[PDB]
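Chemist: I have a structure I would like to understand better, so I am pasting it below and will then ask my questions one at a time.
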Amino acid sequence: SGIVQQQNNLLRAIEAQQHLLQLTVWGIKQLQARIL
Amino acid sequence: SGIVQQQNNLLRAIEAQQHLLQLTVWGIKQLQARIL
Amino acid sequence: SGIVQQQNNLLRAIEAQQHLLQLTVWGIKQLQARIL
Amino acid sequence: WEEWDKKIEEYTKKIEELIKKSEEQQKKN
Amino acid sequence: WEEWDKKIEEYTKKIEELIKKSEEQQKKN
Amino acid sequence: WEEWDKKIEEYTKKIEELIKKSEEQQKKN
């Protein structure tokens, strides 16, 4: 559905990658705290 | 090469960031398993 | 401000996600080194 | 960590689906 | 690790703001 | 962990190149 649909496609991909990113941050903080 | 080329540019950046994201997930899982 | 503005919006989001990604890489490397 | 595993899997499949969808939209353009 | 915490927070708020901004631009389009 | 290091470096340079490329395309637009 054109360039406009592809822009919504990419925004949704970025938003979901951000959820993944915050999960990886959470995990790193959990582990750092246990080690240090 | 216009808006269409820039959309392919951004999709490729997102896709490669996803490969990085899955590598960081792998590392966190490796470490969590060893600690816990 | 149209499709062109939305493309700059998304490029900036990707770039900032990349900074986050490199911070999560740094943390994983710090932790791996201490454990192993 | 259980909820972490479930959300990682949830968002990974969501992102993979969005990337495929975008690839199909890109080849059309 | 202190600087890691500060940059994580800095870039997280920058990304969140960019995603909101893009969502408002998308609904217009 | 060796392969992890090599792929991290591979995809980091790929992403950096794509972001620069996109920045040059954006200033044109």
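Just so we're on the same page: first chain in the structure tokens is A, next is B, and so on; residues restart at 1 for each chain, and ligands are numbered from 1 in the order they show up.
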Over all C-alpha pairs taken in sequence order, what does chain A look like after a least-squares fit onto chain B? Please give it as a PDB file with N, CA and C atoms, in the first residue's frame.

Modeler:
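So selection-v7.pdb came out as:
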```
ATOM      1  N   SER A   1      18.731   8.474  -4.107  1.00  0.00           N
ATOM      2  CA  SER A   1      17.711   8.005  -5.019  1.00  0.00           C
ATOM      3  C   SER A   1      16.260   8.088  -4.496  1.00  0.00           C
ATOM      4  N   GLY A   2      15.954   9.169  -3.807  1.00  0.00           N
ATOM      5  CA  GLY A   2      14.609   9.549  -3.419  1.00  0.00           C
ATOM      6  C   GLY A   2      14.092   8.872  -2.165  1.00  0.00           C
ATOM      7  N   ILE A   3      12.800   9.107  -1.920  1.00  0.00           N
ATOM      8  CA  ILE A   3      12.136   8.552  -0.743  1.00  0.00           C
ATOM      9  C   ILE A   3      12.137   7.026  -0.779  1.00  0.00           C
ATOM     10  N   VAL A   4      11.939   6.435  -1.959  1.00  0.00           N
ATOM     11  CA  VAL A   4      11.896   4.973  -2.042  1.00  0.00           C
ATOM     12  C   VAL A   4      13.247   4.378  -1.672  1.00  0.00           C
ATOM     13  N   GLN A   5      14.343   4.984  -2.147  1.00  0.00           N
ATOM     14  CA  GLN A   5      15.649   4.463  -1.774  1.00  0.00           C
ATOM     15  C   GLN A   5      15.872   4.627  -0.282  1.00  0.00           C
ATOM     16  N   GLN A   6      15.425   5.750   0.291  1.00  0.00           N
ATOM     17  CA  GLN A   6      15.634   5.948   1.721  1.00  0.00           C
ATOM     18  C   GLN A   6      14.843   4.945   2.553  1.00  0.00           C
ATOM     19  N   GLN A   7      13.681   4.510   2.066  1.00  0.00           N
ATOM     20  CA  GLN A   7      12.934   3.465   2.756  1.00  0.00           C
ATOM     21  C   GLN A   7      13.672   2.133   2.734  1.00  0.00           C
ATOM     22  N   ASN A   8      14.250   1.755   1.588  1.00  0.00           N
ATOM     23  CA  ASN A   8      15.081   0.553   1.606  1.00  0.00           C
ATOM     24  C   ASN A   8      16.283   0.735   2.533  1.00  0.00           C
ATOM     25  N   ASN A   9      16.885   1.935   2.544  1.00  0.00           N
ATOM     26  CA  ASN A   9      17.984   2.197   3.474  1.00  0.00           C
ATOM     27  C   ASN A   9      17.561   1.864   4.901  1.00  0.00           C
ATOM     28  N   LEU A  10      16.384   2.349   5.313  1.00  0.00           N
ATOM     29  CA  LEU A  10      15.979   2.206   6.710  1.00  0.00           C
ATOM     30  C   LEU A  10      15.577   0.773   7.035  1.00  0.00           C
ATOM     31  N   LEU A  11      14.910   0.086   6.100  1.00  0.00           N
ATOM     32  CA  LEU A  11      14.577  -1.320   6.320  1.00  0.00           C
ATOM     33  C   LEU A  11      15.828  -2.171   6.525  1.00  0.00           C
ATOM     34  N   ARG A  12      16.863  -1.932   5.716  1.00  0.00           N
ATOM     35  CA  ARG A  12      18.118  -2.653   5.894  1.00  0.00           C
ATOM     36  C   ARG A  12      18.757  -2.330   7.238  1.00  0.00           C
ATOM     37  N   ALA A  13      18.675  -1.074   7.683  1.00  0.00           N
ATOM     38  CA  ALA A  13      19.235  -0.747   8.992  1.00  0.00           C
ATOM     39  C   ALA A  13      18.486  -1.467  10.096  1.00  0.00           C
ATOM     40  N   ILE A  14      17.154  -1.521   9.996  1.00  0.00           N
ATOM     41  CA  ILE A  14      16.339  -2.209  11.002  1.00  0.00           C
ATOM     42  C   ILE A  14      16.651  -3.698  11.033  1.00  0.00           C
ATOM     43  N   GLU A  15      16.744  -4.308   9.852  1.00  0.00           N
ATOM     44  CA  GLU A  15      17.046  -5.735   9.760  1.00  0.00           C
ATOM     45  C   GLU A  15      18.395  -6.069  10.394  1.00  0.00           C
ATOM     46  N   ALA A  16      19.408  -5.240  10.152  1.00  0.00           N
ATOM     47  CA  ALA A  16      20.717  -5.506  10.723  1.00  0.00           C
ATOM     48  C   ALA A  16      20.737  -5.255  12.230  1.00  0.00           C
ATOM     49  N   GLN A  17      20.025  -4.223  12.696  1.00  0.00           N
ATOM     50  CA  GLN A  17      19.827  -4.040  14.130  1.00  0.00           C
ATOM     51  C   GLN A  17      19.144  -5.244  14.768  1.00  0.00           C
ATOM     52  N   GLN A  18      18.248  -5.911  14.039  1.00  0.00           N
ATOM     53  CA  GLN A  18      17.610  -7.103  14.588  1.00  0.00           C
ATOM     54  C   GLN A  18      18.603  -8.246  14.765  1.00  0.00           C
ATOM     55  N   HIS A  19      19.534  -8.413  13.820  1.00  0.00           N
ATOM     56  CA  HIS A  19      20.590  -9.401  14.008  1.00  0.00           C
ATOM     57  C   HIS A  19      21.414  -9.086  15.251  1.00  0.00           C
ATOM     58  N   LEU A  20      21.766  -7.805  15.448  1.00  0.00           N
ATOM     59  CA  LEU A  20      22.483  -7.400  16.655  1.00  0.00           C
ATOM     60  C   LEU A  20      21.661  -7.707  17.889  1.00  0.00           C
ATOM     61  N   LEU A  21      20.365  -7.411  17.824  1.00  0.00           N
ATOM     62  CA  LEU A  21      19.494  -7.650  18.963  1.00  0.00           C
ATOM     63  C   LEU A  21      19.464  -9.121  19.346  1.00  0.00           C
ATOM     64  N   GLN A  22      19.387 -10.024  18.359  1.00  0.00           N
ATOM     65  CA  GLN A  22      19.358 -11.451  18.687  1.00  0.00           C
ATOM     66  C   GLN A  22      20.698 -11.941  19.237  1.00  0.00           C
ATOM     67  N   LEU A  23      21.811 -11.339  18.801  1.00  0.00           N
ATOM     68  CA  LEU A  23      23.104 -11.646  19.404  1.00  0.00           C
ATOM     69  C   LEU A  23      23.156 -11.191  20.854  1.00  0.00           C
ATOM     70  N   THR A  24      22.613 -10.011  21.155  1.00  0.00           N
ATOM     71  CA  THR A  24      22.632  -9.594  22.558  1.00  0.00           C
ATOM     72  C   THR A  24      21.717 -10.476  23.400  1.00  0.00           C
ATOM     73  N   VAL A  25      20.580 -10.920  22.843  1.00  0.00           N
ATOM     74  CA  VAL A  25      19.739 -11.884  23.559  1.00  0.00           C
ATOM     75  C   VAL A  25      20.526 -13.160  23.860  1.00  0.00           C
ATOM     76  N   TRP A  26      21.191 -13.724  22.845  1.00  0.00           N
ATOM     77  CA  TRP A  26      21.997 -14.933  23.054  1.00  0.00           C
ATOM     78  C   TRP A  26      22.993 -14.763  24.191  1.00  0.00           C
ATOM     79  N   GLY A  27      23.693 -13.629  24.218  1.00  0.00           N
ATOM     80  CA  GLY A  27      24.702 -13.422  25.243  1.00  0.00           C
ATOM     81  C   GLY A  27      24.105 -13.362  26.631  1.00  0.00           C
ATOM     82  N   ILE A  28      22.988 -12.647  26.770  1.00  0.00           N
ATOM     83  CA  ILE A  28      22.306 -12.544  28.057  1.00  0.00           C
ATOM     84  C   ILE A  28      21.845 -13.915  28.522  1.00  0.00           C
ATOM     85  N   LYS A  29      21.302 -14.722  27.604  1.00  0.00           N
ATOM     86  CA  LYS A  29      20.872 -16.064  28.006  1.00  0.00           C
ATOM     87  C   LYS A  29      22.054 -16.934  28.427  1.00  0.00           C
ATOM     88  N   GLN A  30      23.174 -16.856  27.701  1.00  0.00           N
ATOM     89  CA  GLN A  30      24.372 -17.590  28.108  1.00  0.00           C
ATOM     90  C   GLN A  30      24.790 -17.219  29.522  1.00  0.00           C
ATOM     91  N   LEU A  31      24.821 -15.917  29.809  1.00  0.00           N
ATOM     92  CA  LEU A  31      25.291 -15.445  31.103  1.00  0.00           C
ATOM     93  C   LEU A  31      24.302 -15.786  32.213  1.00  0.00           C
ATOM     94  N   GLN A  32      23.000 -15.570  31.974  1.00  0.00           N
ATOM     95  CA  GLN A  32      22.002 -15.911  32.989  1.00  0.00           C
ATOM     96  C   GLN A  32      22.117 -17.369  33.398  1.00  0.00           C
ATOM     97  N   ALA A  33      22.294 -18.257  32.413  1.00  0.00           N
ATOM     98  CA  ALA A  33      22.369 -19.689  32.674  1.00  0.00           C
ATOM     99  C   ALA A  33      23.576 -20.031  33.536  1.00  0.00           C
ATOM    100  N   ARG A  34      24.728 -19.407  33.253  1.00  0.00           N
ATOM    101  CA  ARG A  34      25.934 -19.661  34.036  1.00  0.00           C
ATOM    102  C   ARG A  34      25.810 -19.129  35.456  1.00  0.00           C
ATOM    103  N   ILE A  35      25.202 -17.957  35.623  1.00  0.00           N
ATOM    104  CA  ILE A  35      25.055 -17.392  36.959  1.00  0.00           C
ATOM    105  C   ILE A  35      23.988 -18.149  37.740  1.00  0.00           C
ATOM    106  N   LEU A  36      22.832 -18.352  37.122  1.00  0.00           N
ATOM    107  CA  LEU A  36      21.709 -18.938  37.811  1.00  0.00           C
ATOM    108  C   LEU A  36      21.523 -20.369  37.345  1.00  0.00           C
TER     109      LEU A  36
END
```

Chemist: Each residue of chain D lying at most 10 Å from chain B should get a row with its shortest atom-to-atom pair and the distance in Å to one decimal, counting only C-alpha atoms; could you produce that, ordered by chain and increasing number, as a Markdown table?

Modeler:
```
| residue | atom | partner | partner_atom | distance |
| --- | --- | --- | --- | --- |
| D:1 | CA | B:32 | CA | 9.1 |
| D:5 | CA | B:29 | CA | 9.3 |
| D:8 | CA | B:25 | CA | 8.3 |
| D:12 | CA | B:22 | CA | 8.5 |
| D:15 | CA | B:18 | CA | 8.2 |
| D:16 | CA | B:18 | CA | 8.5 |
| D:19 | CA | B:15 | CA | 6.9 |
| D:20 | CA | B:15 | CA | 9.6 |
| D:22 | CA | B:11 | CA | 7.3 |
| D:23 | CA | B:11 | CA | 7.7 |
| D:26 | CA | B:8 | CA | 6.8 |
| D:27 | CA | B:8 | CA | 9.3 |
| D:29 | CA | B:4 | CA | 7.2 |
```
